[PDB]
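In: with the input below, show me the fold.
(chains A, B and C, ligands or ions: 24)
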Amino acid sequence: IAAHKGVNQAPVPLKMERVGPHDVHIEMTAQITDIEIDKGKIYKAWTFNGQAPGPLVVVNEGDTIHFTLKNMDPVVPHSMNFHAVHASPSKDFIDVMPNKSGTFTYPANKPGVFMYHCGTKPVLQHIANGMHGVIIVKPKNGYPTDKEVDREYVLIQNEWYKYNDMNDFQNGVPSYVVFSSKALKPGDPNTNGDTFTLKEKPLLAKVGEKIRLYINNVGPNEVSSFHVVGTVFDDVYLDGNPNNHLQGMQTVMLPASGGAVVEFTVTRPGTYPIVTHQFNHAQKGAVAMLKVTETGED
Amino acid sequence: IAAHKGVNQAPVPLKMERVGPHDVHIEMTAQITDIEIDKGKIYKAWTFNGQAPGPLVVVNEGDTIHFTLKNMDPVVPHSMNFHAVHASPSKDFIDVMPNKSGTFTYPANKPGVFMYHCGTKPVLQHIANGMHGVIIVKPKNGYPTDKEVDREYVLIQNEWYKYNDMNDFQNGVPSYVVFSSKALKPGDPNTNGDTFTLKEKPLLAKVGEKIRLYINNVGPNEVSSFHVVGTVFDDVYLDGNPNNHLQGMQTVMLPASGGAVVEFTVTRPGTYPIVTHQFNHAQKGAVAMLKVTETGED
Amino acid sequence: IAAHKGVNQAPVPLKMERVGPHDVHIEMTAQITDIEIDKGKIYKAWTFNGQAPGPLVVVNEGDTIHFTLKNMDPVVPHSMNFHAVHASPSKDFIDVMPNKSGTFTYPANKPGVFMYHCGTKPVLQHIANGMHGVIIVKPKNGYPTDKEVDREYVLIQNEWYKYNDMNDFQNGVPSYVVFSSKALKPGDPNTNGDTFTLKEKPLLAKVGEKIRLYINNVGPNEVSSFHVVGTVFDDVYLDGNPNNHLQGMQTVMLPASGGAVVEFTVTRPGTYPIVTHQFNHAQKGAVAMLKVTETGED
Ligand SMILES: [Cl-]
Ligand SMILES: [Cl-]
Ligand SMILES: [Cl-]
Ligand SMILES: [Cu+2]
Ligand SMILES: [Cu+2]
Ligand SMILES: [Cu+2]
Ligand SMILES: [Cu+2]
Ligand SMILES: [Cu+2]
Ligand SMILES: [Cu+2]
Ligand SMILES: [Cu+2]
Ligand SMILES: [Cu+2]
Ligand SMILES: [Cu+2]
Ligand SMILES: [Cu+2]
Ligand SMILES: [Cu+2]
Ligand SMILES: [Cu+2]
Ligand SMILES: [Cu+2]
Ligand SMILES: [Cu+2]
Ligand SMILES: [Cu+2]
Ligand code: NA
Ligand code: NA
Ligand code: NA
Ligand code: NA
Ligand code: NA
Ligand code: NA
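Out: Residues are numbered from 1 along each chain as shown, chains lettered A, B, ... in the order given. Ligands and ions are numbered 1, 2, ... in the order given. The protein structure is shown below:
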């Protein structure tokens, strides 16, 4: 795209603020930002806020979201589809033109771990170029295991293909499959989908802890066989809905866009890989690490 | 196949009639019929009754099916495998030769949304060329959410490959992935697996309704990440068995041959896409539309 | 690998013995063994004990496993990862060098049907070359349907690729997809992952029986759509955990490394195919047979 040559828009922080007991404002950008997806490999990603996947959004069950998208792309329209919400797609998930903003309002009625993404046609192109992310909707009544959880993180799986290549997007294997982590609390890591950061800077935990991961496989195209080496999931809530409660799973099958809340215990000090067990994808980048120490500090 | 050149057998209606409180007769054909699977692209499909996927069958839990296949193919044997039934495959799912009929009897003991397909070796070839469909077995005691449902439709996902090409069937990506709808009540659409009909003639609903979809991914080869844009599934019954009850799912993972009953609420007027969220497949055709109006009429 | 040329190490029996009410010893080898994966096609597999998948391990919930690996490979290190156990991967799943042994101890706290595999980097290479298997952990309180089961077997699904070809392992379709059975009781078959043995020598059962299969899809790369022709699964326990209880499923979606306990009734004499319903994989070998006779003998 001629108008994207040389464009590298600096990341912009997510803007969120609560405006009522059940109403929140969210503003994001659509912007074109260079991301190092593998060592020496830059992808000029189509992004929300200069991150791919985009910034984490967390709201409460029953919140109405007043969402603004500011399109900084000089030529391509962009939009927003939140899987969390009940909305009219043809009125509320519509395109925002270059250098314009649009505001859309809709409720998040359902607890869970939802994908969000750009919904501009061709949707495959917008997702594959980087316009994906997660919104967590916290259940009003919690999860039955909340009291047992010591530490929690968010992980997202995505693929990367040949740059802006619709033939490859439709017909080719992924070049990379990757994990990223998005921060829930101050001090948590906040990373983009790449083959290396969560290997070189593992997530941290303490011996004996029960860890919760909020996970989503945003695709665009693959399913995920999510597994933590050296443990078994004590409890799994499919899509993060507390009703969808499995126990003692080795591996959680996630569709494309599928989410889960998974919980597991780390019993011994060491480094614990986190994979998709589709090992072709793991080999192409989709391995993160959890470093478990006697203190929980590095 | 030399004997199929120029052959285009007109579709033949499904013949069904109840013959006892727990016994039904079903007659279908195997026939060779040209279907427009994408604009300008004719596939000389191997079919039941001149439809691909084939005609919808609906029976009640506990019905015994007395099934007749009339093979109109001039050269290829065909057969019938219903996933709904308990049967001896080597006695009851056997081949019917060209220009012959066979009758097979077996019970449908289990409620749900089942695949049916030709079972003639090589089964991949017969399924991929179009010999797939759905049989719904209605639960004797219903679903716990029956009273909440306002409107219901059937959707089926399938793939299409290069014509009768066993190398492609085994080793290649699908050329098209498609949805079709099969009629449950007079006035419902009844379509074949193509890339366009359910975009140009969306399914219809009314603002505020709870919609039930009976869905099955017949493959032959892919899994499906089934998602309705702008809503969340209130309730999901895996394989249509009332016991297998999930709530609040964004996306339902279907294996090849996998079924579900899914229910969701449409809260606002507009057009709602229905996808597999494996977006390579969506791009290759697997997007249907649901048009939601203030009246439920177009 | 030059040091593997001409190497064909004869299979070695699994060594297991109970050493306390909640402690068991297991010794396995890593060894290089020629396996006929399709007629006329030898794969010089990387194996545990000269089988691929490896030998079946069965323990009780709450057993601690004292595991020894004896590496007979002349040049490649190998290791062991049991999905059943809680362990430190970086201390307990570590490499054993050629011509050495290592012993590792860890508890199997969770009931189910778990994958095991070599964990040596690149893990994809070790799994794809044959270093995979199943460990069953029997639930202390059984399954609620135990009293109904008449006969049981273990089935494992795996893929085979071009020989030791990491490009193919990462980027190519499988050349073969296969089932094997591993013996639970004297007289049960014990086979390797090949395209033919369970067709030519079907598993045996008796008309009217309820059959339990302990199943796992070890991959390395594909998911599985597990289906028995001519029946419906009465009960399914995902990952073999008794809590994860589905009923009346036609087909069970298994992630890579995913397990299940599935139970079904065979109502009539005949031969019943067992497939992955991803029919490209079935065509490439993944069809086993269950022969149901009036006596249960051939
Ligand atoms: Cl692993
Ligand atoms: Cl979508
Ligand atoms: Cl089948
Ligand atoms: Cu309030
Ligand atoms: Cu506002
Ligand atoms: Cu966009
Ligand atoms: Cu979406
Ligand atoms: Cu704790
Ligand atoms: Cu009656
Ligand atoms: Cu009759
Ligand atoms: Cu046929
Ligand atoms: Cu089938
Ligand atoms: Cu209503
Ligand atoms: Cu004891
Ligand atoms: Cu010992
Ligand atoms: Cu190894
Ligand atoms: Cu593993
Ligand atoms: Cu019995
Ligand atoms: Na792929
Ligand atoms: Na792919
Ligand atoms: Na494919
Ligand atoms: Na495919
Ligand atoms: Na594949
Ligand atoms: Na593959």
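
In: for the residue in the stretch 101-250 of chain A positioned nearest to ligand 8, give me its contacts.
Out: Among the residues of the stretch 101-250 of chain A, residue A:150 lies closest to ligand 8, at 4.3 Å counting by C-beta to the ion. Quick note: C-beta positions are derived from backbone N, CA and C, even for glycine. Residues in contact with residue A:150 (C-beta atoms under 8 Å, 6 or more residues apart in numbering or on different chains) are A:205, A:206, A:209, A:210, A:211.

In: quick check: the second one touching residue A:295?
Out: Yes - using C-beta atoms under 8 Å, residue A:206 makes contact with residue A:295 at a distance of 6.3 Å.

In: between those two, which one's more packed in?
Out: Ranked by neighbour count (other C-beta atoms under 10 Å in any protein chain shown), residue A:206 and residue A:295 place residue A:206 first, with 16 against 9.

In: state the distance from that one to residue A:122.
Out: Relative to residue A:122, residue A:206 is positioned 46 Å away (C-beta to C-beta, to the nearest Å).

In: before we move on, what about residue A:219?
Out: The gap separating residue A:219 from residue A:122 is 14 Å, by C-beta to C-beta.

In: so which of the two has more stuff around it?
Out: residue A:219 (28 against 14).

In: before we move on, the earlier item: please tell me which one of the contacts of residue A:150 counts the most neighbours.
Out: Going by other C-beta under 10 Å, residue A:211 tops the contacts of residue A:150 with 23 neighbours.

In: residues in contact with that residue?
Out: The contact partners of residue A:211, by C-beta under 8 Å, 6+ apart, come to A:149, A:150, A:151, A:152, A:153, A:205, A:263, A:264, A:265, A:266, A:290.

In: what helix or strand does the residue in chain A positioned nearest to ligand 18 sit in?
Out: Closest approach between chain A and ligand 18, counting by C-beta to the ion: residue A:248, at 27.4 Å. In the assignment (DSSP states H and E), residue A:248 maps to strand A:245-249.

In: can you list the residues that contact that strand?
Out: Residues outside strand A:245-249 that contact it (C-beta under 8 Å, 6+ apart) are A:144, A:232-238, A:252, A:262, C:110-112, C:238-239, C:241, C:243-244.

In: filter the residues you listed down to the buried ones.
Out: Buried by 16 or more other C-beta atoms under 10 Å in any protein chain shown: A:232-238, A:252, A:262, C:110-112, C:238-239, C:241, C:244, out of the contacts of strand A:245-249.

In: element containing residue A:18, please.
Out: Assignment of secondary structure by DSSP H and E places residue A:18 within strand A:15-20.

In: ok, residue A:263 next?
Out: In this assignment (DSSP H and E), residue A:263 forms part of strand A:259-265.

In: so that strand, near chain B or not?
Out: Yes - against chain B, strand A:259-265 shows contacts by C-beta under 8 Å from any C-beta of the partner chain at residue A:259.

In: do the strand ranked longest in chain A and chain C meet at all?
Out: Counting by DSSP state E, the longest strand found in chain A is strand A:23-38. No - using C-beta under 8 Å from any C-beta, strand A:23-38 never reaches chain C; the gap is at least 13.6 Å.

In: what angle separates that strand from strand A:15-20?
Out: 160 degrees (axes from the mean of the first three to the mean of the last three C-alpha atoms, to 10 degrees).

In: next SSE after strand A:23-38?
Out: strand A:41-48.

In: same for that following strand, what does it pack against?
Out: Counting by 3 or more C-beta pairs under 8 Å, 6 or more residues apart in numbering or on different chains; DSSP states H and E, the packing neighbours recorded for strand A:41-48 are strand A:23-38.

In: what packs against the strand it packs on?
Out: Short answer (3+ C-beta pairs under 8 Å, 6+ apart): strand A:23-38 packs on strand A:15-20, strand A:41-48, strand A:63-71, strand A:176-181.

In: what does the last one contact?
Out: Around strand A:176-181, the neighbours that count as contacts under C-beta under 8 Å, 6+ apart are A:37-38, A:41, A:53, A:153-160, A:188-195, A:197-198, A:203, A:222, A:274, A:276, A:281-282, A:284-288.

In: so how far is ligand 13 from the residue of chain A closest to ligand 18?
Out: Look at residue A:248 and ligand 13: by C-beta to the ion, to the nearest Å, they are 38 Å apart.

In: now residue A:167
Out: 44 Å.

In: you'd agree that residue is in a helix?
Out: Yes - assessed with DSSP: H, G, I helix; E, B strand; the rest coil, residue A:167 lies in a helix.

In: quick check: it vs residue A:128, distance?
Out: Between residue A:167 and residue A:128 the computed distance is 12 Å (C-beta to C-beta).

In: what of residue A:5?
Out: To residue A:128, residue A:5 is 20 Å away according to C-beta to C-beta.

In: which of the two has more neighbours?
Out: The neighbour comparison of residue A:5 against residue A:128 (other C-beta under 10 Å) goes to residue A:128, with 31 against 7.

In: for that one, give me its contacts.
Out: By C-beta under 8 Å, 6+ apart, the neighbours of residue A:128 are A:159, A:160, A:161, A:169, A:220, A:221, B:279.

In: and what of residue A:209?
Out: Contacts of residue A:209 (C-beta under 8 Å, 6+ apart): A:150, A:151, A:265, A:266, A:292, A:296.

In: again, 7 Å this time
Out: Contact analysis of residue A:209 by C-beta atoms under 7 Å, 6 or more residues apart in numbering or on different chains lists A:150, A:151, A:266.

In: got it, and residue A:31?
Out: Contacts of residue A:31 (C-beta under 7 Å, 6+ apart): A:9, A:12, A:47, A:49, A:50, A:72, A:73.
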